[PDB]
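Positions of Cβ are backbone-derived with ideal geometry, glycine not excepted, and every protein chain shown enters the neighbour counts. Values quoted throughout were computed directly from the atomic coordinates according to the rules given, and no laboratory measurement underlies them.
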Amino acid sequence: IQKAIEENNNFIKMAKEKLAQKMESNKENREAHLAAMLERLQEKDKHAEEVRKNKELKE
Amino acid sequence: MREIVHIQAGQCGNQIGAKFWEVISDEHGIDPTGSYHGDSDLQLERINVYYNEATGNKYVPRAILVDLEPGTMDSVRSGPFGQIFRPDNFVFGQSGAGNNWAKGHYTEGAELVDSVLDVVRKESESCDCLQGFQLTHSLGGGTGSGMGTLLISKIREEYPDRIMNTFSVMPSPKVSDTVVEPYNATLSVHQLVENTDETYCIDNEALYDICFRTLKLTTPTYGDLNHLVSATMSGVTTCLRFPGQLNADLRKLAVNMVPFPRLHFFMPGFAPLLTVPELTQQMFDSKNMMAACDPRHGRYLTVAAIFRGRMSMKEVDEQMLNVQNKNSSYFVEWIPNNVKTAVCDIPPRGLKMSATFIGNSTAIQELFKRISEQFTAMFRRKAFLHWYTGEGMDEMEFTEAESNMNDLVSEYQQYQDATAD
Amino acid sequence: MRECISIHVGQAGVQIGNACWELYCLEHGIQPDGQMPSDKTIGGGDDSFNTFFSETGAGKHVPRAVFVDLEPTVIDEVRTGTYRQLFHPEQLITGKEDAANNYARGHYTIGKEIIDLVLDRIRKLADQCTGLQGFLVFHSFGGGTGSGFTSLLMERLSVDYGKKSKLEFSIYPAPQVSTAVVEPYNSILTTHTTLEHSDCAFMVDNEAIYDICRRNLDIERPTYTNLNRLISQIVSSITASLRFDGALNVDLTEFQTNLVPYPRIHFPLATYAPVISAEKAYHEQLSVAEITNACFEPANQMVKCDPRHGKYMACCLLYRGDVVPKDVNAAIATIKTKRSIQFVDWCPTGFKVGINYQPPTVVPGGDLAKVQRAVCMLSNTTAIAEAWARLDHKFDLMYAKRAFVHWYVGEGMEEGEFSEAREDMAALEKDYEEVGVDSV
Ligand SMILES: COc1cc2cc(c1Cl)N(C)C(=O)C[C@H](OC(=O)C(C)C)[C@]1(C)O[C@H]1[C@@H](C)[C@@H]1C[C@@](O)(NC(=O)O1)[C@H](OC)/C=C\C=C(\C)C2
Ligand SMILES: Nc1nc2c(ncn2[C@@H]2O[C@H](COP(=O)(O)OP(=O)(O)OP(=O)(O)O)[C@@H](O)[C@H]2O)c(=O)[nH]1
Ligand SMILES: Nc1nc2c(ncn2[C@@H]2O[C@H](COP(=O)(O)OP(=O)(O)O)[C@@H](O)[C@H]2O)c(=O)[nH]1
Ligand SMILES: [Ca+2]
Ligand SMILES: [Mg+2]
């Protein structure tokens with residue numbers, strides 16, 4: 001009966017830990033995908049500044 | 001509900017944009033005042049996707065009208081269903097783009113975009129659950145092309161987890177005599193391939209050839225071309241507007257239609273321009289595509305087809321299998337069951353039954369190759385380049401857009417030649 | 001006691017819940033308002049139907065069920081339907097944005113926003129139980145919620161309820177009514193993730209149900225409504241042993257002992273008889289022998305496969321209605337001397353039999369003829385691995401090119417989860433092959 005308790009607890013434990021790792025791993029990956037997207041959008045805004053600057057330095 | 005925020009930019013965007021709102025207003029049974037006078041409850045079950053409900057059962061289009069010149073604004077406001085649009089959602093400049101992509105994207109448009117974003121944010125924040133945006137514009141001009149692609153980038157920065165859809169009208173010498181349009185188109189495609197999730201490629205070449213060769217309309221007016229666009233735009237949104245199981249929203253459509261993120265350019269089709277067999281055969285025929293491409297010159301990655309009207313649903317299933325079986329070579333085998341069929345039992349105006357087609361075909365490269373053919377000849381000439389560099393643009397930004405479109409074509413070719421084993 | 005809590009996830013789970021709970025109400029004489037005149041113990045009881053219905057002081061019999069969907073239009077039909085009074089509003093849980101046929105959105109992006117609220121409402125039902133037996137989970141394989149959110153729920157249920165039994169009714173995708181090209185991906189992902197957390201799963205192949213509706217009920221284009229009323233009959237036969245009492249009644253848990261020889265081999269094949277139209281049932285009585293022999297015609301199976309090319313590891317017959325053991329034994333003796341019935345060599349060949357005297361029931365205006373006797377066979381056959389093989393092949397075709405995978409990676413998943421899930425399916429296919437080999 002001590003083994004049955006142990007094995008029941010080990011299944012709950014491994015399920016709890018396996019899930020917590022996935023949600024943490026998934027949060028990082030999704031955020032990192034969103035961060036890379038904004039950075040690419042943010043570097044086209046910086047490019048537009050260089051373009052508008054270049055029109056003012058044309059006259 | 002799941003609201004879509006509509007945006008129409010430039011002349012082309014506002015022209016086809018207004019007709020789109022005219023057609024679906026009638027299909028949902030609302031008058032140019034905004035009151036409902038219909039007969040079927042299906043018209044109102046999913047009305048909030050495109051309309052804001054105001055006090056007194058007044059339905060107001062969730063639409064934002066944009067242009068760098070105030071001309072088109074008076075046309076829409078005076079045209080039918082002009083008094084239904086929200087006055088505050090009109091955002092017009094005075095300068096005018098003059099078919100300069102740089103003006104729309106970097107100079108003139110960059111100074112109006114913020115007052116547009118204020119209207120986008122105000123509409124968005126009032127959405128129960130915003131699903132995304134749909135933009136109507138052309139790629140050959142300057143405002144709809146240059147500013148249209150600026151707004152998309154700006155909106156994506158604040159709503160990166162939403163779907164960005166566009167109805168992009170592709171330039172053709174058969175309709176517009178402007179010669180620089182392949183510059184604006186190439187520069188736009190460089191942006192649409194990066195910042196949109198679904199683009200309906202409305203090709204003026206196909207619209208012209210249809211009116212001239214099938215409808216026998218020598219000297220076709222813009223009204224004739226836009227009647228096809230309006231019927232098409234009504235068809236490819238039926239699944240969003242009426243109760244349905246299949247591609248009921250913008251995200252579920254993208255998941256079914258886009259196997260690779262860059263390959264998100266659809267060629268739509270419509271029928272008639274009847275029996276279920278020949279409705280199905282027409283919609284898969286090259287003459288009924290709204291993009292000047294032959295689908296039998298490539299393979300279908302995915303296909304969405306919606307039938308409208310009262311018809312035998314057993315027959316639609318039987319005939320969609322028949323077309324897939326007799327054209328098995330034209331559907332990629334490494335995507336099982338890539339053709340999806342929807343059926344909405346409320347037909348369009350005038351037709352007892354119709355069929356709309358949405359194909360992700362590798363034959364779309366034929367359209368991008370046409371633009372590239374014009375663009376490449378203009379670039380060697382270095383014809384009309386000072387107007388772009390005059391606004392601060394570089395010569396590399398032209399080269400980069402060219403090579404990105406070459407990659408898009410070769411990527412569409414890669415998967416056309418790919419096999420299962 | 002021995003209460004069972006039903007959890008209906010996604011459109012398929014919800015819409016199948018409507019059919020099942022409507023059918024249960026008609027079987028027990030429960031009205032749409034929850035009143036049950038025949039039930040004289042007001043406010044509680046220990047009767048067999050109390051395993052699935054709780055009782056309020058006002059005499060209302062309330063399903064021990066939770067409905068969950070990450071979008072509100074399917075559950076709205078329950079909230080405004082014929083049986084809206086049957087459920088407490090807290091049993092009907094909806095989000096605002098569905099999973100868009102994406103396992104990642106159902107398990108992570110959208111599911112994590114509502115998983116805690118759902119578990120709280122399930123806990124609220126469980127605390128009303130004096131002897132909770134386990135859970136029944138209804139969901140599709142193809143949808144983003146049915147796949148993604150279900151596997152999240154099953155993981156969380158294993159943490160909060162340990163090894164309490166968890167049963168699945170899983171809708172296996174078919175192209176005739178498919179809604180997404182990526183349903184093979186969601187199928188493999190949810191099967192891999194739930195495998196460790198489910199004790200027994202009854203797969204229902206939509207193509208199997210679709211074909212039966214066309215051939216046996218003369219339905220030209222079967223709808224979800226046609227399919228669900230047939231599915232609810234199979235579900236009602238399987239749960240009948242929990243909801244009714246009787247001398248020859250055998251509890252589903254006793255069958256479970258026989259049906260699951262190893263933990264991963266917990267996918268029984270269901271076969272129901274008779275599926276016949278009123279037009280055809282007229283002046284035609286289906287005897288015990290006829291409906292029993294029909295259980296070994298592959299055309300009547302809930303999953304497309306050929307048991308004649310497999311081996312049996314268990315065979316259970318769940319009769320209901322006018323059936324006496326005598327006729328069962330005669331029908332079985334005939335079948336054993338005429339069919340392609342082969343057991344593995346490490347298991348006895350005897351058929352386990354259960355009889356519930358409560359006759360089959362049909363919903364008004366339904367396509368099934370009302371018959372005096374029905375039977376649902378639950379068998380554990382290696383042949384069911386053919387269903388895995390078909391799903392895995394379609395998965396492989398798309399995953400070789402990474403088609404649509406970017407929709408999943410964008411929501412936080414990694415390609416390692418696809419390969420891990422597919423490797424598990426390959427081990428499962430080998431498992432079903434190994435159990436079929438003869439002993440040395
Ligand atoms: C005497 O010969 C010609 C004289 C003109 C044009 C042509 C020929 Cl040949 N050709 C070949 C064309 O194809 C037309 C086209 O312009 C058109 O859009 C249209 C209004 C004509 C254009 C210049 O390539 C377009 C952009 C570079 C655009 C031009 C502009 O619109 N503004 C701007 O910044 O850039 C500008 O000022 C308002 C007016 C028009 C220009 C002038 C130069 C006439
Ligand atoms: N048998 C059956 N299958 C159904 C039914 N409704 C949907 N399905 C199947 O469910 C799968 C698609 O998932 P759905 O149930 O539609 O949706 P969901 O589970 O809520 O998931 P989302 O798409 O994320 O909303 C496909 O295999 C459909 O055929 C139904 O009433 N009966
Ligand atoms: N089909 C169609 N094309 C249009 C319409 N208006 C403009 N276009 C196309 O748009 C291109 C020029 O861009 P336009 O929209 O006129 O100008 P913009 O506002 O400066 O972008 C040409 O290829 C035209 O054919 C219209 O109403 N219908
Ligand atoms: Ca009682
Ligand atoms: Mg759903």
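Which whole-number percent of Cα pairs in the stretch B:170-299 have a distance greater than 26 Å?
Details: 2237 of 8385 pairs.
That fraction is 27 percent.
Taking GluC sites (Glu not before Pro) as exposed when their DSSP state is a loop state and no more than 15 other Cβ atoms lie within 10 Å, the longest site-free interval of chain C runs over C:1-219.
Taking amide H atoms as placed 1.01 Å from N in the peptide plane, the amide H of residue C:134 lies under 5 Å from those of C:5, each 5 or more residues away in sequence or on another chain.
For residue C:42, project a label point 7 Å along Cα to C-beta. Then give me every residue of the stretch C:14-32 with its amide nitrogen under 19 Å of that point. Residues C:30-32 qualify, since their backbone N sits under 19 Å from the label point. Working note: 222 nm ellipticity from helices only, DSSP H runs with n ≥ 4, each -39,500 (n - 2.57), summed and divided by the residues of chain C, gives -12000 deg cm²/dmol to the nearest 500. All alpha carbon pair distances within the stretch C:1-76 were sorted into 10 Å bins beginning at 0; the resulting P(r) in whole percents reads 20, 48, 27, 6.
Cross-linked pairs B:19/B:58; A:27/C:112; A:16/C:164; A:22/B:340; C:280/C:304: Cα-Cα separations exceed 22 Å for A:22/B:340; C:280/C:304. Taken over the C-alpha atoms, the stretch C:269-383 has Rg and Dmax values of 14.3, 47 angstrom.
Exactly which trypsin sites (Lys or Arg not before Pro) in the stretch C:291-365 are in a DSSP loop and have at most 13 other Cβ atoms within 10 Å? Before the final figure, lay out each step's value.
On the way: sites: C:304, C:308, C:311, C:320, C:326, C:336, C:338, C:339, C:352; in loops: C:304, C:311, C:338, C:339.
Loop-located and lightly packed - C:338.
Taking a virtual spin label 7 Å from the Cα of residue C:308 along the C-beta vector, which residues in the stretch C:334-372 bring their backbone nitrogen under 17 Å of it? Within reach of a label on residue C:308: C:335-343.
Rg and Dmax of the stretch C:43-147, based on Cα coordinates, read 15.0, 43 Å. Residues within the reach of a label modelled at residue A:33 (point 7 angstrom out along Cα to beta-carbon, backbone nitrogen below 20 Å), restricted to the stretch C:107-134, are C:107-115.
Take the alpha-carbon positions of chain A, form their convex hull, and give its projected area averaged over all directions (one quarter of the hull surface) in nm². Present the calculation step by step, with values, prior to reporting the outcome.
Details: hull surface 15.7 nm².
For chain A, the mean projected area of the Cα convex hull comes to 3.9 nm².
The stretch between residue C:370 and residue C:277 holds 32.6 nm of extra length on full extension. This uses 0.36 nm per residue minus the Cα-Cα distance.
Dividing the Cα radius of gyration by the Kirkwood radius, what Rg/Rh value follows for chain C?
Working: Rg = 21.0 Å, Rh = 22.1 Å.
A ratio of 0.95.
Electrostatic bookkeeping for residue B:23 treats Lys and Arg as +1 and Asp and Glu as -1; over the other residues with beta carbon under 13 Å from its beta carbon, the sum is +1. Straight-line cross-link reach from residue A:55 at under 27 Å between alpha-carbon atoms covers these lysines, not counting any fewer than eight positions away in the same chain: A:44, A:46, B:103, B:154, B:382.
Could you state the per residue volume, in Å³, of the convex hull enclosing the Cα atoms of the stretch B:260-363? Write down the numbers at each step before the final one.
Values: hull volume 10.5 nm³, N = 104.
Value for the stretch B:260-363: 101 Å³ per residue.
Judged by the ratio a/c of the largest to the smallest principal axis of the C-alpha gyration tensor, the stretch B:219-262 counts as oblate, that ratio being 1.5 or greater while a/b is no larger than b/c. Here, P(r) means the percent of Cα pairs in each 5 Å bin from 0 to the largest distance; for the stretch C:179-306 it is 2, 9, 15, 19, 21, 17, 10, 5, 2, 0. Calculated from the alpha-carbon coordinates, chain B shows an Rg and a Dmax of 20.5, 62 Å respectively.
The mean of 1/r over all distinct Cα pairs in the stretch C:384-440, once inverted, gives the Kirkwood hydrodynamic radius of 12.8 Å. Here, the stretch C:132-178 yields an orientationally averaged convex hull projection of 3.3 nm² when only Cα atoms define the hull.
Over all pairs of different C-alpha atoms in the stretch B:364-421, the reciprocal of the mean inverse distance, the Kirkwood hydrodynamic radius, equals 13.0 Å. Compared with the rule-of-thumb size 2.2 N^0.38 Å for a compact globular protein, the stretch C:190-241 has a Cα radius of gyration ratio of 1.38. For residue C:202, the amide hydrogen comes within under 5 Å of the amide hydrogens of C:168, C:169, C:170, counting only partners 5 or more places away or on other chains and with H modelled in the peptide plane.
Enter the mean number of other protein chain beta carbons within 10 Å of the beta carbon of each residue in C:405-412, as an integer. Could the numbers behind the result be given before it?
Values: counts 2, 6, 6, 1, 4, 7, 5, 12.
The shielding value for this peptide is 5.
Taking every Cα-Cα distance in the protein assembly as shown and sorting them into 20 Å bins from zero, the calculated P(r) comes out as 13, 43, 31, 12, 1, 0 percent.
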